[PDB]
Amino acid sequence: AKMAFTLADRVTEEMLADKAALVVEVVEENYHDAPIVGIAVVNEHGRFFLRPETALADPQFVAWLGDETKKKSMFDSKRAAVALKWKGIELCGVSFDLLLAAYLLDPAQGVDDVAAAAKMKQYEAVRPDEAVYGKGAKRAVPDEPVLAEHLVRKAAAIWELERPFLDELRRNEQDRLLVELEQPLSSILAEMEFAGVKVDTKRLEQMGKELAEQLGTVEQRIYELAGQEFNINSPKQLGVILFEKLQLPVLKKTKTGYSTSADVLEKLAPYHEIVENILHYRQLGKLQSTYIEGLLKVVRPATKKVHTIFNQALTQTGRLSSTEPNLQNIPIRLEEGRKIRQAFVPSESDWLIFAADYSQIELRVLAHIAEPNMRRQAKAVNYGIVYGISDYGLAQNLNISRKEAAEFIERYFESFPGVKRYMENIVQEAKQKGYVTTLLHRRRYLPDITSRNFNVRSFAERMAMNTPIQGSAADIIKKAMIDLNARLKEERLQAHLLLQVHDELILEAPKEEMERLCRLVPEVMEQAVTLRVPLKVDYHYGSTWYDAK
DNA sequence: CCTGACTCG
DNA sequence: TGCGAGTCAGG
Ligand SMILES: Nc1nc2c(ncn2[C@H]2CC[C@@H](COP(=O)(O)OP(=O)(O)OP(=O)(O)O)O2)c(=O)[nH]1
């Protein structure tokens with residue numbers, strides 16, 4: 001733990017080498033419009049700390065950041081790229097991202113800072129971010145010499161760790177996954193996050209006003225039916241009303257008490273009408289709390305845009321997630337909630353929203369590898385069965401007899417015996433190897449799969465059945481986004497990606513480009529990979545996200 | 001902060 | 001006793 005570096009007062013030529021480890025430090029978890037608090041550069045010529053005020057106003061440094069021929073190794077280059085966009089600076093030339101490298105090597109390690117990645121290779125000449133900045137109300141940027149040393153140590157670690165990580169990825173056949181898929185995707189997600197999605201706040205606020213009135217009415221109806229006021233949003237208080245006051249059957253308990261889950265309340269409808277009202281209330285209350293109030297809280301007022309963060313190194317299957325706000329769980333399944341999407345509008349006048357979704361991509365992937373309310377329920381049966389639902393679960397979902405449920409499942413595998421063999425085989429392989437893989441060589445380790453405990457082992461077995469299929473579908477749409485943006489640029493279209501929702505891409509564009517997108521977007525998505533079955537994509541466009549159906 | 005609710009693929 | 005996610009109010 002003894003490391004020389006220069007705390008620089010100005011940028012010099014030797015800091016602008018054609019290969020460097022670069023650290024552009026943003027301390028806040030949400031990096032949109034967040035302060036850059038320090039910069040570090042490590043290259044052949046040495047180690048350097050720079051003050052942001054200095055470096056980011058220096059024309060040669062800004063030029064270097066933006067020069068794609070000056071290669072930078074980083075950790076979480078998307079965080080830096082976006083933070084720099086908010087500072088009006090383009091970052092190009094990122095050739096290695098240690099966060100994504102660590103994630104591919106083992107998504108279970110949950111690597112979220114350089115220190116945690118460093119530990120994978122017994123590197124310890126660097127501290128955890130939390131140890132440096134502290135947490136919660138105590139979180140603060142430390143004294144410059146302490147900050148400077150930390151950033152340098154992080155850069156130095158990225159510098160030394162690149163080779164060992166690349167070598168391990170190659171040994172796993174994951175080097176191309178990193179360099180040709182995840183890393184190019186990171187720059188594309190950076191663009192999407194910075195672009196944001198415009199919100200119609202006038203419409204959203206009016207929806208909220210009307211929703212409050214409706215909640216009040218439903219609320220009073222429930223109190224009338226129950227014969228008492230109580231907090232409906234407390235499962236504990238609700239349980240007392242349902243199972244003690246009204247004396248309804250107790251169908252399920254959890255560790256804290258009586259279950260009031262939606263599945264349970266639906267099953268209680270033959271006993272008391274109040275349960276349907278409560279389900280409605282809890283639906284409405286989530287709309288109001290999360291998709292009206294919560295969404296308005298994160299709208300940037302001057303532009304009316306919301307800027308999500310797509311976490312690229314979180315899920316265990318290779319999917320993305322979306323936070324603050326989550327734009328991947330906006331309501332669509334019931335018309336009442338679906339109307340929320342009318343509030344998501346194009347960012348320019350005379351533009352339109354365009355949405356394209358793969359149809360049953362996971363089921364097509366499985367076929368390749370293995371060789372309205374009714375239809376909504378039928379989807380859960382299809383995915384449920386292939387992913388290992390039991391007769392109990394299926395019976396409970398269709399409210400049918402366990403005997404009947406067992407016959408459906410038997411008959412299902414009768415129709416698709418190759419799916420059956422595959423699921424048996426993939427489980428045995430996971431037990432032998434200790435991991436499963438996707439089409440593009442993404443990996444998930446499953447060390448619980450030989451467990452002597454039934455529950456623990458069974459969960460791992462079902463991960464073996466599910467992760468390769470869900471993860472392959474993730475691999476595919478990731479490749480489609482890369483291929484799609486290349487085509488957009490090639491044709492000089494103004495259209496651009498706004499969102500990915502697992503098997504869906506959401507774009508905005510001038511109305512004039514709608515005809516071209518109707519051909520281009522589905523073509524690119526369908527051709528991202530060639531399976532033994534065709535990939536099918538549906539697409540629609542309209543004045544709001546709601547109308548793009 | 002955890003649990004159980006509602007939300008999506 | 002299908003799987004992958006995030007946010008919220010209540011306690
Ligand atoms: N993608 C996916 N969806 C699941 C899973 N489990 C339940 N579902 C539900 C929620 C979303 C829905 C998926 O829709 P699909 O793409 O399979 O079918 P679709 O015919 O294309 O949908 P649509 O009615 O819009 O045309 O099924 C799962 O493991 N993966």
Side-chain angles (χ1 to χ4, degrees), chain A residues 107 135-136 230-239 252-265 278-295 297-298 308-311 314-334 336-338 340-341 357-363 366 376 379-397 402 405-406 409 412 423 444 454-455 458-474 477 499-506:
Chain A
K135 30 198 161 93
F230 64 106
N231 191 337
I232 302 162
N233 293 315
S234 169
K236 182 172 185 175
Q237 281 181 56
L238 173 56
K252 184 166 171 185
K253 283 195 278 181
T254 60
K255 64 176 189 162
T256 68
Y258 312 115
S259 178
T260 71
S261 68
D263 296 335
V264 163
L265 263 48
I278 286 152
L279 288 169
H280 190 205
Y281 182 84
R282 292 195 307 195
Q283 290 162 350
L284 297 180
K286 197 67 158 78
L287 290 189
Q288 183 74 300
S289 77
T290 300
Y291 304 103
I292 309 287
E293 288 172 357
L295 187 59
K297 283 179 172 54
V298 294
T308 193
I309 288 165
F310 285 108
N311 316 106
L314 182 146
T315 72
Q316 300 306 296
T317 52
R319 273 195 173 180
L320 305 173
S321 74
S322 173
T323 60
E324 211 176 287
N326 185 348
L327 298 176
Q328 291 177 326
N329 71 345
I330 302 301
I332 196 171
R333 295 179 190 173
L334 302 178
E336 277 187 313
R338 185 176 197 162
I340 290 296
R341 298 190 168 205
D357 65 293
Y358 284 109
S359 174
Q360 303 146 54
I361 182 171
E362 282 179 46
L363 294 179
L366 171 62
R376 178 168 303 120
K379 277 149 171 184
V381 175
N382 273 326
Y383 289 108
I385 291 183
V386 300
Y387 291 133
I389 200 173
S390 71
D391 68 298
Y392 182 85
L394 184 56
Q396 293 282 313
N397 287 338
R402 278 186 71 173
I409 294 172
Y412 193 98
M423 294 297 188
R444 189 183 185 173
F454 173 85
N455 294 3
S458 286
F459 276 115
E461 291 177 349
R462 295 196 290 276
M463 294 173 185
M465 301 174 193
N466 173 262
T467 279
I469 310 305
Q470 188 190 110
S472 288
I477 186 162
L499 300 175
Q500 182 254 45
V501 188
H502 305 311
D503 65 353
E504 311 178 357
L505 298 179
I506 309 301

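Numbered from 1 within each chain, the chains take letters A, B, ... in sequence-line order.
The side-chain heavy atoms of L238(A) and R282(A), taken from C-beta on, include a pair separated by under 4.5 Å. The shortest distance between side-chain heavy atoms of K236(A) and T256(A) does not fall below 4.5 Å.
For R319(A), the side-chain atoms get nearest to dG4(C) when compared with the rest of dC6(B), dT7(B), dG4(C). Between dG2(C), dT7(B), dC6(B), one nucleotide has an atom nearer to the side chain of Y291(A) than all others, and that is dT7(B). Of the candidate nucleotides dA5(C), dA5(B), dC3(C), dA5(B) has the atom nearest to the side chain of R282(A). Here the nucleotide nearest the side chain of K286(A), chosen from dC6(B), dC8(B), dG4(B), is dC6(B). In the set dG4(C), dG6(C), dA9(C), the nucleotide with an atom closest to the side chain of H502(A) is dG4(C). Comparing atom distances between the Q237(A) side chain and each of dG11(C), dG6(C), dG2(C) picks out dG11(C) as nearest. Nearest to the side-chain atoms of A380(A) among the listed nucleotides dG11(C), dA5(C), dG2(C) stands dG2(C). Checking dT7(B), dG6(C), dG4(C) against every side-chain atom of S321(A), the shortest atom distance belongs to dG6(C). Nearest to the side-chain atoms of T315(A) among the listed nucleotides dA5(C), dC8(B), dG6(C) stands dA5(C). Ranking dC8(B), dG6(C), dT1(C) by closeness to the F459(A) side chain, first place goes to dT1(C).
Distance CG (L238(A)) to P (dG11(C)): 11 Å, rounded to an integer number of Å. Atom CG in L284(A) sits about 11 Å away from atom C1' in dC6(B), given to the nearest Å. In this entry the distance linking CD1 of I409(A) with P of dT1(C) reads 15 Å, nearest Å. Distance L295(A) CG to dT7(C) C1': 12 Å, rounded to the nearest Å. The distance from atom CD1 of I340(A) to atom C1' of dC8(C) is 14 Å, rounded to the nearest whole Å. Atom-to-atom, CG of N326(A) to P of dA5(B) comes out at 20 Å; the value is rounded to the nearest Å. Here the P atom of nucleotide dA5(B) and the CZ atom of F230(A) are 13 Å apart, to the nearest Å. Put simply, CD on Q500(A) is 14 Å from P on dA5(C), counting in whole angstrom units.
Side-chain nitrogen and oxygen atoms of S322(A) include none within less than 4.0 Å of the OP1 or OP2 phosphate oxygen of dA5(C). Residue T317(A) places none of its side-chain N or O atoms closer than 4.0 Å to OP1 or OP2 of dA5(C). Distances shorter than 4.0 Å separate none of the side-chain N or O atoms of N329(A) from OP1 or OP2 on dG6(C). In this structure, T260(A) reaches the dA5(B) phosphate: one of its side-chain N or O atoms is under 4.0 Å from OP1 or OP2.
Summarising the geometry, atom OG1 belonging to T308(A) is positioned 6.5 Å from atom CG belonging to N326(A); distances are rounded to the nearest 0.5 Å. Expressed to the nearest 0.5 Å, how far OG1 of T467(A) lies from CE of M463(A) amounts to 7.0 Å.
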Show your working on side-chain contact (heavy atoms from CB on, under 4.5 Å) between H280(A) and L334(A) and close with a plain yes or no. CA-CA 11 Å; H280(A) 190 205; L334(A) 302 178; over 6 Å; no
As a quick check of understanding, evaluate side-chain contact (heavy atoms from CB on, under 4.5 Å) for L265(A) and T260(A), giving each step before the final call. CA-CA 6 Å; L265(A) 263 48; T260(A) 71; 4.1 Å; yes
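Side-chain N or O atoms of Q328(A) include one that pairs as donor or acceptor with a backbone N or O of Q500(A) at under 3.5 Å. With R341(A) contributing its side chain and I330(A) its backbone, the two residues share a donor-acceptor pair below 3.5 Å.
Taking atom P on both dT1(C) and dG4(B), the two are 13 Å apart, rounded to the nearest angstrom.
Using a 4.0 Å heavy-atom cutoff across all strands shown, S458(A) reaches no nucleic acid atom at all. Within the nucleic acid shown, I292(A) has no heavy atom closer than 4.0 Å to any nucleic acid atom. Within the 4.0 angstrom heavy-atom criterion, only backbone atoms of the sugar-phosphate kind lie near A262(A); the bases stay farther away. Nucleic acid contact for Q396(A): none, since no nucleic acid atom lies under 4.0 Å from a heavy atom of the residue. Nucleic acid contact class of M465(A) (heavy atoms, under 4.0 Å, all strands): none. Heavy atoms of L314(A) sit under 4.0 angstrom from primed sugar atoms or phosphate atoms, though from no base atom. The residue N231(A) sits close only to the backbone: its heavy atoms come under 4.0 Å of sugar-phosphate atoms, none of a base.
Stacking of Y392(A) onto the six-membered ring of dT1(C) is present: less than 5.5 angstrom between centres, less than 30° between planes.
For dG4(B), classification of the furanose by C1'-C2'-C3'-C4' yields a south pucker, on the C2'-endo side.
Considering only residues two or more places apart in sequence or on other chains, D391(A) meets the salt bridge (charged side-chain N to carboxylate O under 4.0 Å, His left out) condition with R402(A).
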List every contact pair, protein side and nucleotides 1-3 of chain B side both N or O, where the distance is under 3.5 Å.
from, atom 1, to, atom 2, distance (Å)
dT3(B), OP1, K255(A), NZ, 2.6

Check: residues 381-389 of chain A side-chain donor-acceptor pairs under 3.5 Å, at least two apart:
from, atom 1, to, atom 2, distance (Å)
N382(A), OD1, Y412(A), OH, 3.4
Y387(A), OH, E362(A), OE1, 2.8

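The residue among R402(A) and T467(A) whose nearest nucleotide of DNA chain C is located toward the 5' end is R402(A).
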